[PDB]
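One chain comes next, on its own, written out as structure tokens in the form deposited in one PDB entry.
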């Protein structure tokens, strides 16, 4: 990467200033912004909160459903003391694609709406003055970037997003934005990998910097005491009596990476990490050499009004709910989340399956798609690899028919993931009903026996069909763990029926009980992540009653009857 994915910090060497707040915003349905000089300032903006998705603020359909180009602008004063630093705009994300301008100058563009965008404004920044950032953003969907979809043009020219995925096409500046200053020679990347040695541990590392000066790496315990120190851009930290990061029982060391010259420190990067190993051994997922059974949910970045807008309050409520259910794991369905989610998982001892935005999807275009898929994979892994919480990468969704073309496609994605993950941790994706599972270290299944297949009065048949499929998997004797990454029923809070019906709270309970009976019948099942943690927004349609109601919690984070079912089982 031509930039650093490292989360921004503030210290003697690195500075940061939040750009979150009310930005100026203007829709650009006629695509006239650039030819009208909007990069120098929007002519008739309204205010738009950042971070937030723009859609749900408005009261008119055409604003909510806006698809096309739209622009953000803000101004910020840069401290004079930032002069002679490398100064960057850092967007948690720009959804889905955009071009960043600063002081009227084009800086960089990015496609991929769920990972950081870094724009080097060193050459155009004006320290000691008000500076301007303008971003042209586009939220259309296509088949060459993730997540895929189409863009319908209504007869009047108005665009409408047509997702190939079951979540609303929220977009905008959905994550925090910073302007930051780094030293001219800085830590750009690092990777850690762990080995357990009796009561001790080794932290193997590599550091990439933007210069050639010596690097010193220190490890501090949770109290800030030095436990290990070594020199070099590659090395091993030896940790005596290591306190391992454990499931739902986190312990976090702090890695401190210093660049030094003859006269002292040039840069210092500091991040909390957790010493833990994850391995697949036969049908077991091993965390620190012990089997762990995954319990939890697929989530979304989704909340009333804010859309996918990041807020620590959503993190806090969601984790309290997760802990209350006795969960230990979530999947970042269906895109990498804001970094803060992983930071918090690290503190709470949650396990994360980190997912690139290619999983949740349902002539020439494929090579470009592969490039985008690989780029998202590289960015996700580079960003997230050092979180102890991240124990697996979810990389793909198996096509109903597997051409040699398709297998070659996925092989490239997995090869790229392997290259970028210093830890070579487990890799997975979503599998069809029964030549790609060789790519995976464990298999994820999304199944809806009792919902989309033989729901309701046919639930007994659904169970039989489910067992038939699982018996086929059993007979395949793949000797890998299977994790259910989706199973659920749309459930309207307050809809009660005796006997139960599809959509009722009681049916959700009964469906889950049936699924559990099946899961528990097969030794190789090693995890269950229900779909979904919470009701979430989708495109409108005859099959979506104000979004997707397969949440175990409501969108405002309150438990339906079935939430207690998980709580009891997972305790």
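If you superpose the two forms and keep the largest set of C-alpha atoms that fall within 1.5 Å, you have the rigid core. Numbering follows the first chain given and starts at 1.
The gap between residue 434 and residue 435 holds 4 to 9 unmodelled residues of the deposited sequence. Going from residue 498 to residue 499, you skip over nothing: the modelled chain follows the deposited sequence without a break.
Look at the C-alpha B-factors of 379-387 and of 438-446. On average they run higher in 438-446. When the C-alpha B-factors of 488-496 and 186-194 are averaged, 186-194 comes out higher.
The entry assigns its greatest Cα B factor, within the set 89, 237, 94, 259, to 237.
Set against one another, the Cα B-factors of 74, 263, 99, 325 in the record reach their highest point at 263. Ranked by Cα temperature factor within the chain, residue 528 sits in the lowest third according to the deposited record. In the deposited entry, the Cα temperature factor of residue 562 places it in the highest third of its chain's modelled residues. Sort the chain's modelled residues by C-alpha temperature factor and residue 502 lands in the lowest third, per the entry.
In the PDB entry, residue 509 places in the lowest third of its chain by CA B-factor.
Per-chain ranking of the deposited C-alpha B factor places residue 353 in the lowest third.
Keep in mind the form deposited in another entry is missing from the figure; the text below concerns it.
Just a single entry of 400, 289, 460, 225 exceeds or equals a 2 Å CA shift between the shown form and the other one, which is 400 (rigid core superposed).
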